Amino acid sequence: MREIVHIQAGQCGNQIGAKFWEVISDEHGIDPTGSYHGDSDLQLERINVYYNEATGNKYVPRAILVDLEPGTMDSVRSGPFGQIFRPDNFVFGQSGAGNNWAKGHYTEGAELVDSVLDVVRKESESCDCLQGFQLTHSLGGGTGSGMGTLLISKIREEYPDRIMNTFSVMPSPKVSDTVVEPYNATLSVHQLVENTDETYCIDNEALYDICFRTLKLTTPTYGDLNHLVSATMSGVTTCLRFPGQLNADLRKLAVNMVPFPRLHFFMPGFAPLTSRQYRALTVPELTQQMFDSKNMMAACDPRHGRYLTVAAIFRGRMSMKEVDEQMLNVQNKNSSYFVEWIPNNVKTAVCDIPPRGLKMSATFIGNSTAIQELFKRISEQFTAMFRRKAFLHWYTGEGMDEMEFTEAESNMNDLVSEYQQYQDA
Amino acid sequence: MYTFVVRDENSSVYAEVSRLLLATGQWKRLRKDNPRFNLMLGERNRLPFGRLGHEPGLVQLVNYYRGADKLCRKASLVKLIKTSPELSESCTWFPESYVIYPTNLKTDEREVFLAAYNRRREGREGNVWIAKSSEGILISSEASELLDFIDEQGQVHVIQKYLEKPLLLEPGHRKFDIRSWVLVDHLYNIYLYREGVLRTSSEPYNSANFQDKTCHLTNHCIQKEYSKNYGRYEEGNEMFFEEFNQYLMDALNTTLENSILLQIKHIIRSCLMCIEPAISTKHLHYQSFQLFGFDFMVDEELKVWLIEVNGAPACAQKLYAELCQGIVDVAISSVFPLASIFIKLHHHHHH
Amino acid sequence: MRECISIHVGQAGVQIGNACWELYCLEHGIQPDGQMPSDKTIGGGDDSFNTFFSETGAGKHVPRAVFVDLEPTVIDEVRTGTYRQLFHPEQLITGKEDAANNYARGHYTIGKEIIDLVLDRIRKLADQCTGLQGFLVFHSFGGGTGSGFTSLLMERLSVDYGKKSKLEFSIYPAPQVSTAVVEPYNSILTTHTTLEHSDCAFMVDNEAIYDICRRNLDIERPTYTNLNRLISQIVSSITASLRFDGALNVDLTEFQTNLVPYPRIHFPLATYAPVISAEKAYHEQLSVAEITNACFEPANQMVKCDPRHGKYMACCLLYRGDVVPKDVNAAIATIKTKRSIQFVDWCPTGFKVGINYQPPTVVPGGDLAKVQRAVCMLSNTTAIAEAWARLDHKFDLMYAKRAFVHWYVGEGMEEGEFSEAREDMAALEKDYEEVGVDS
Amino acid sequence: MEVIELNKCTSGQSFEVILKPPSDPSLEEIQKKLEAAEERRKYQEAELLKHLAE
Ligand SMILES: Nc1nc2c(ncn2[C@@H]2O[C@H](COP(=O)(O)OP(=O)(O)OP(=O)(O)O)[C@@H](O)[C@H]2O)c(=O)[nH]1
Ligand SMILES: Nc1ncnc2c1ncn2[C@@H]1O[C@H](COP(=O)(O)OP(=O)(O)CP(=O)(O)O)[C@@H](O)[C@H]1O
Ligand SMILES: O=C(Nc1cccc(Nc2cc(Nc3cccc(C(F)(F)F)c3)ncn2)c1)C1CC1
Ligand SMILES: Nc1nc2c(ncn2[C@@H]2O[C@H](COP(=O)(O)OP(=O)(O)O)[C@@H](O)[C@H]2O)c(=O)[nH]1
Ligand SMILES: [Ca+2]
Ligand SMILES: [Ca+2]
Ligand SMILES: [Ca+2]
Ligand SMILES: [Mg+2]
Ligand SMILES: [Mg+2]
Ligand SMILES: [Mg+2]
């Protein structure tokens, strides 16, 4: 279990995915041309997980970049690290998807999907031990949402035994391009519930609130929102990218975090919450902020649910004794919020290499039943339009039937029930 | 904020301890089966001692001593006294007692019971005995009825010398038993609570009819019902220490401390010292305290007798407040410090 | 002389075996390139140490060991490390992807495709044996390899070597050192499938070892290196009688004869003393009396439990260093009058005593001080059933909600194997309580 | 306290002190189970690809 293949789809998917490759290329000493330049040889013990090494010992991200229009990928190719990417791995159409899940899944995206799978197959074939896939995309548009979930369905057909992980931006009326985002998101969640092992639920609402109330940015852009996502994505993957005692892989996380196959939607968090200060944080401060709902990226109150499992990843040089005391303290002080029927469901890890600009940081991955609040919101916004069948003509004109909407809404309400079952168990 | 759980709801004492812990505003009760507790107020039966002290980051304390039932079961107590050298057959404060299994179960001491029972047939001495199990009490100078009544039951019984000449309080010519409450903390400090109670009979003792079991059985329940003079002399057949001391002063010209209590502290200390190596939690990964009820009888020569040790005692109504505050004081806050009513039993005679 | 084969399975089993073979080499004066200057029979022999080492014409002493893992990184550290020359490539077997903390993945899915290669490499070693006695198997309860592949291996070894004895050294799961919530499931599954195939099993609770490391070595947060060097001292104590001249526990059959009257109750409790920090500035050496007495403190056991509240069925005292029988018998007579040591009625109250005069060897630069005498007590007490109750409770909490079951069913397992294994464990707990508790 | 079966040698001694007297499946049957779980895997996998085919 070694190589991971990364896919980024549509506008949000590629903007966040680009930021992700900037951040982790800085961590691994790789420069915008693919040449290593660091000090620790541990920038490269596990560099193969995310980079293919080409001749000249030059490192190329195992990254496929997908879109149904060329706009954002021409931006990525012009971007900071834009030259890092293997040019054969830019797969794009011309027509766009018009924020329409049906065009991404059933019409436009269908035309494009096999050429995307060809790039995937070539990246897999050159892998000693492919461990699985990650996808960055939003659920509110058409490409990342509709074609992104079409891809996941195709990858599962061809690699039914590899791990599939998504980093999925949830639409929010506060940070919203179009009124049909609740339709696209509901159609997408029905796919995600069946064909992913792990879904990191990033609520654009929560990113907005953090930028405003905590980073003191009055007019947050998508750029500031994505800075928080790439920082969390970095922390979530740091254990896979650097040698430590854990020898982290995809499967053991999936196995230990997901007690029921459909309840795999995770609440991410990051601490300390920064905005591109010099104060040293203490381990007690890291641990309180990490569990703070204001540091979490899905706009859900953990106090309204129960934790099924929790992964905490600390970064930097600190006392393991103090980390384990502080961790044991939050569980033993707030024990009602952890399910008693999964003994010892809080696990912690440490990576000795801190992220850029911080000496100490922590990443939080929570499988909480409070994530149901996210799916309730989407379901309320969905039903508010669907009971008047509003905006459906954009989808029925692509071949879809109202029945397919009624099924996706029923599946999402089932998932909300499942969560509520274990919150009371 | 310390955390605790309760798993015995039929416990007046620890119900009150629970309430007192809450009202400090630094103790939180968890659910009966949340393992993340500092304190376990445990069940009387099949308490899971083997799951304690394996919660990283939690000092754990329980209100029972694993193994103390060897003191709090009639047959266990008899076996422990007769087989422990430091108590021994030559134990002057325990009534002569033999372990008796029913015939449907067939080890057993009916063998040696009759051997001494004959020396009271031979020796003309008062050969009355009482039989009891750990309701179901028989007093009779005929061994043939004792052993018949025990086989008619299904569980182990003990035949014990019946103390026929007890100290009887006047006015009444009437029986009593003394109940002492003893707290053993996690350090194995032995704490006698300064207030005892006399469980009194309100019927004149009568040594001719050992079957009229209401002047012979000073149990607070048998006297609440089958007794017609309940509440005459004292409220609820309960005399406390200030009065009993005064009566002893006036009737007998002695005190409670000299004539009775020195012997009680000697008996409590001897029993708890005996089983200390078997039950101490000094170097264990969890810790125990426990409250015991010691039951004594006083004969006419002011000799104290130990009757029974109770591992789950109720307290007396007016004392609940003071005792349960004292448990929290020395058994719990000693281990979990927030932001005497006891006598400590200790003695180091050099020889 | 009769040979023994060591089988190390999964990460815990491999890292512990590394610790043990390093210790063995120091104790027998075998250098990392396999040369033993004091072995004057070049190229062959049947001394006591040849139970664990074979010899080449070049004078190389080779462990009778096979290391098995479903993933390469740990055994690759063996192949490139200090003792690389010690082992023969064919004895180091790795798969490509591991069992992902999944019993059924290691047993059914990935086991099925490597079990035959392993049995063949194990027969390669049996073939260089004049009279093999059987197997020491090292593994964790909690890993998917350690549980699942080990149980598959145990069944097959009973098939292909049905006469030979099988001893386990098992790591019992501790949340302080584990990154997996499913270890209770794997533990129960592998105990149920392995119980009848094991003659004697020494359980080591990582939690006990962790706390001994904190308490007596002043190591703030023990690593696997700390845990393993201590665990290997204990294993060394237990196998010294196979590897050294003596008369107590000289073959694997004797461990069952001396420690296991009832064959299902085959889990002796090990207790070890003294454990002394090497950084401890000033240390007064402990007497025979003090270390023997320490054998009866729960804080020195491999599994926290309370033997005062069960009954004993056998007791072996294994001393290394300056000890003579008179000191031991005096220490026992003193301890007997001060401690609650009750035997089952159908067994003699007594102790089998083994004394090897060489004091324990310590890894240069490790955490353990050299001491003048040390002791390992192996007692078959019913109190160790406490560790089963703990484990069974955890299993019951998760299985009532079917938490994580789907990962196992998706590997080929049937849900009912869960409740089968659990009911065997319930039988086991009731066995213990019958032997050890009066009404 | 009886000491018994005392053995001595250059490297140590051993003895026993008494304080008190006394008061498998076949290669075929394994191969079957390993194949009955592999068939359950192949079934589950086929039911998935049938679902993906719908
Ligand atoms: N004492 C000790 N325990 C260990 C060691 N390595 C792992 N463990 C414990 O073993 C359990 C995890 O099992 P592993 O042995 O790593 O898993 P595995 O057998 O390699 O199987 P996989 O699941 O395929 O990786 C946990 O309880 C760990 O704490 C070790 O080196 N020493
Ligand atoms: N050897 C004995 N001689 C004389 N009277 C005895 C006696 N043993 C018991 N008694 C009497 O019976 C009562 C004690 O009975 P017993 O020892 O069985 O208590 P018990 O378990 O039934 C209720 P509790 O446990 O709360 O005290 C005493 O009041 C005493 O008067
Ligand atoms: O997977 C990803 N990041 C990631 C992060 C941490 C660990 C791992 N991998 C593991 C986890 C593991 N057990 C484990 C179980 C629960 C919690 C924890 C933890 F993290 F809290 F310590 C560890 N064992 C082996 N490998 C992977 C991103 C999606 C691409
Ligand atoms: N966090 C974040 N959200 C975005 C970004 N761009 C678009 N979105 C959100 O994504 C949704 C629109 O999807 P988008 O990716 O633009 O459509 P697509 O190109 O068809 O995949 C809306 O909910 C937007 O708020 C971005 O750069 N960052
Ligand atoms: Ca077209
Ligand atoms: Ca030789
Ligand atoms: Ca066998
Ligand atoms: Mg857009
Ligand atoms: Mg094609
Ligand atoms: Mg492993």
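Residues numbered from 1 in each chain as written, not as in the entry; some residues may be left out. Chains lettered and ligands numbered in written order. Part of a larger assembly, values for the part shown. Heavy atoms only, no water.

(A) Representation of the interface of chain B and chain A within the structure. Listed per partner, the contact involves 11 residues of chain B and 10 residues of chain A. Counting the contacts that link chain B with chain A gives one salt bridge. The closest approach of N and O atoms between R31 of chain B and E340 of chain A, which form a salt bridge, is 3.8 Å. Along the contact surface separating chain B from chain A lie four residue pairs in polar contact. (Contact = heavy atoms within 4.5 Å. Salt bridge = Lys/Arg side-chain N within 4 Å of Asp/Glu carboxyl O. Polar contact = N/O pair within 3.5 Å; in protein donor to acceptor, adjacent residues only side chain to side chain.)

(B) Spotlight on the domain arrangement of chain A. Residues and elements named next belong to chain A. What the domain assignment lists for chain A is domain 1 (3–265), domain 2 (266–371) and domain 3 (372–424). Using only C-alpha atoms to locate each centre, domain 2 and domain 3 end up separated by 32 Å. The partner domain 3 presents eight residues to the 15 residues of domain 2 that form the contact. Summed over both sides, the interface of domain 2 with domain 3 buries roughly 910 Å², with 51% coming from carbon and sulfur. If you sort the residues of domain 2 by the area they bury against domain 3, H304, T369 and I371 come out on top, with a joint share of 52%. (Domains from an automatic or database assignment. Buried area = accessible area lost by both parts, 1.4 Å probe.)

(C) Highlighting the site of ligand 1. Taken together, 24 residues lie near ligand 1, and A99, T145, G146, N206 and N228 of chain C sit nearest. Neighbouring residues of ligand 1 are not confined to a single chain but are spread across chains A and C. One of the backbone nitrogen or oxygen atoms of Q11 of chain C is found 2.8 Å away from an oxygen atom of ligand 1. Backbone polar atom of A99 of chain C to an oxygen atom of ligand 1: 2.8 Å apart, as the coordinates give it. Those elements that place two or more of their residues in the shell around ligand 1 are α1 (10–27), α5 (144–160) and α8 (224–243) of chain C. Of the residues in the shell around ligand 1, the class split is eight nonpolar, 12 polar and four charged. (Near = heavy atom within 4 Å. Helix = DSSP H or I, 4+ residues; strand = E, 2+ residues; numbered from the N terminus. Nonpolar A, V, L, I, M, F, W, Y, C, P; charged D, E, K, R; others polar.)

(D) Main features of the side chain of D211 of chain C. Positionally, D211 of chain C belongs in helix α7 (residues 206–217). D211 of chain C sits in the buried class, given a relative accessible area of 13%. (Buried < 20%, exposed > 50% of the residue type's maximum accessible area, 1.4 Å probe, protein only.)

(E) Quick look at the sheet that holds strand β8 (residues 200–205) of chain C. Residue and element names in this part refer to chain C. Across the sheet, six strands lie side by side as β5-β4-β1-β6-β7-β8; this open sheet has parallel pairing. Across the chains shown, the open sheet's two edge strands, defined by having one partner strand only, are β5 (92–94) and β8. When the angles between neighbouring strand axes are averaged without regard to direction, this sheet yields 15°. Note: strand β6 (residues 134–140) against strand β7 (residues 165–172), seven bridges, orientation parallel. Looking at the pairing, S140 lines up with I171 of β7. Of the strands in this sheet, β1 (4–9), β6, β7 and β8 touch helix α9 (residues 252–259), which is tilted by about 70° from β7. (Pairing = 2+ DSSP bridges. Axes fitted to C-alpha atoms, helices over the stretch in contact; angles between N-to-C directions.)

(F) The arrangement of the sheet that holds strand β5 (residues 97–100) of chain B in detail. Residues and elements named next belong to chain B. Within the open sheet, the four strands sit side by side as β5-β8-β6-β7. Their pairing is antiparallel. Lying at the two open borders of the sheet, with one neighbouring strand each, are β5 and β7 (138–140). Averaged over all neighbouring strand pairs, the angle between strand axes comes to 20°, with direction disregarded. Bridge analysis of strand β6 (residues 129–132) against strand β8 (residues 157–161) gives four bridges, and the strand direction is antiparallel. In the sheet register, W129 faces β8, and the bridge partner there is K161. Of the strands in this sheet, β5, β6 and β8 touch helix α2 (residues 74–83), which is tilted by about 125° from β5. Sitting on the sheet, helix α3 (residues 110–122) touches β5, β6 and β8, and the angle it makes with β5 is about 140°.

(G) Summary view of the UniProt feature "binding site: GTP" in chain C. Those residues carrying the UniProt feature "binding site: GTP" are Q11, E71, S140, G144, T145, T179, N206 and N228 of chain C in this numbering. Its place among the elements puts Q11 of chain C in helix α1. Classification of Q11 of chain C by relative accessible area gives partly exposed; the value is 35%. The residues touching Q11 of chain C, leaving out its near neighbours within four places in the chain, are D69, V74 and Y224 of chain C. Note that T179 of chain C resides in the loop between β7 and α6 (183–194). Residue class for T179 of chain C comes out partly exposed when judged on its relative accessible area of 40%. Contacts of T179 of chain C, omitting those with residues within four sequence positions, involve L246, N256, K347 and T348 of chain A together with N101 of chain C. (UniProt positions renumbered as here; feature names shortened; annotations may be inferred.)

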